[PDB]
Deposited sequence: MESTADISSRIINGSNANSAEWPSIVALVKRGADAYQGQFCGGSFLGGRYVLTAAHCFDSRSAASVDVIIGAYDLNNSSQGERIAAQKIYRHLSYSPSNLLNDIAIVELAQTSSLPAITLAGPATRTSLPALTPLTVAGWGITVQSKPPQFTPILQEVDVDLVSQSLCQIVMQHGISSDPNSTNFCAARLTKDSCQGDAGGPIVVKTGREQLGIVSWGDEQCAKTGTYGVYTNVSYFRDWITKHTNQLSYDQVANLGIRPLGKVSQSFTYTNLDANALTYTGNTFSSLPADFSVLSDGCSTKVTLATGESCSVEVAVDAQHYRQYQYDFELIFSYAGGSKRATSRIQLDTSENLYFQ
């Protein structure tokens, strides 16, 4: 029982990931943790990217001593997918995928099953891992106990549900600085959660619930690479335009078969739909769509649209967002 945090044994954490600022020393630049899901995908917390984007981020898979650049593979991020219901005020749906500029073949973590979280009694032993645990260049671990969901809500609040079948849960230390890292079931090692918030200093730590998010994760680790969110921030009135690119990284061809453009209002318009010109997307092929918003009022604009593709395996959906404020 690892009651106080302690230097981890690295062979027990081959799938851990350090998120580090691009172009910087790994130790100085580390800002979050993550877990490697296989191929080119890393699982982490959405709020790690409140003020950062893909091109400023590397990951180090199987990192352990951040000062030892021969441990783990350092790889550039190329895309970030955050939950589109992520809210930074109270950090609900605090989850994100980092799509990497190349695949790794290092071992992947095993995620907990959709039914696992609600199966676990309170006090189920769990283990958290990362560099913040309470900075040192060495990966730390510590044990924590699962807390009653009704209790988690009362103590921590910030929109936490009393229903265990929800976005996040709590776990208690027996006596934390880097979000995004994994919490795993101590027996079996399946990643049950993602470090989100709490425990900054009579509080619990709050962890994004991986069981509740398996479909969302599957949807964003599906070898369809695209621009998710174009946030244009504050803008004057007028037609604003923005291109979005969709790329098939799968070995089987993709066929553009639908979208949700109809459902959006008159403010929104499609200036150009390259995917309708190309229609079919072989391996490595891209198509782009160019959308616009005629902002004529003073308000927040946030429009979500979905492109749907058929493929041998079934179908794939990319959901993008254009956002701005006047």
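Visitor: Please give the gaps, as residue ranges numbered from 1 in the deposited sequence, where no C-alpha is present.
Guide: Residues lacking C-alpha coordinates: 1-9, 144-150, 192-195, 222-225, 351-357.
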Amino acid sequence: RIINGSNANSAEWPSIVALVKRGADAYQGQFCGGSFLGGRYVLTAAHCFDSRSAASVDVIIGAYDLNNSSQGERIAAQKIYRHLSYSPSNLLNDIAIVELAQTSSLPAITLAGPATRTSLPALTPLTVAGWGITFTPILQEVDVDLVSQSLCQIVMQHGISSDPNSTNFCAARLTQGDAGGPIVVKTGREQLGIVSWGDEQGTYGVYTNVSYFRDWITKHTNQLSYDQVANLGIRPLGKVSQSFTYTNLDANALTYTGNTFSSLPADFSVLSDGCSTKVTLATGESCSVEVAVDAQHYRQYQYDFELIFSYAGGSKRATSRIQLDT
From here on, numbers count along this sequence of modelled residues.
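Visitor: Higher mean Cα B-factor in the deposited model: 259-267 or 59-67?
Guide: Between 259-267 and 59-67, it is 259-267.
Visitor: On average, which has the higher Cα B-factor in the deposited entry, 187-195 or 114-122?
Guide: On average, C-alpha B-factors are higher across 114-122.
Visitor: Which one, 291, 32, 26, 43, has the peak C-alpha temperature factor per the PDB entry?
Guide: The C-alpha B-factor peaks, among 291, 32, 26, 43, at 291.
Visitor: State the tercile, meaning the lowest, middle or highest third, of residue 72 with respect to the CA B-factors recorded for its chain.
Guide: Middle third by C-alpha B-factor.
Visitor: Sort the modelled residues of this chain by their C-alpha B factor and say whether residue 323 lands in the lowest, middle or highest third.
Guide: For residue 323, the deposited C-alpha B-factor lands in the middle third.
Visitor: By its CA B factor, does residue 152 count among the lowest, middle or highest third of the modelled residues in the chain?
Guide: Middle third.
Visitor: Should residue 52 be placed in the lowest, middle or highest third of its chain by the C-alpha B factor in the entry?
Guide: As the PDB entry reports it, the C-alpha B-factor of residue 52 lands in the middle third of its chain.
Visitor: What third of the chain does residue 237 rank in for C-alpha temperature factor, lowest, middle or highest?
Guide: For residue 237, the deposited C-alpha B-factor lands in the highest third.
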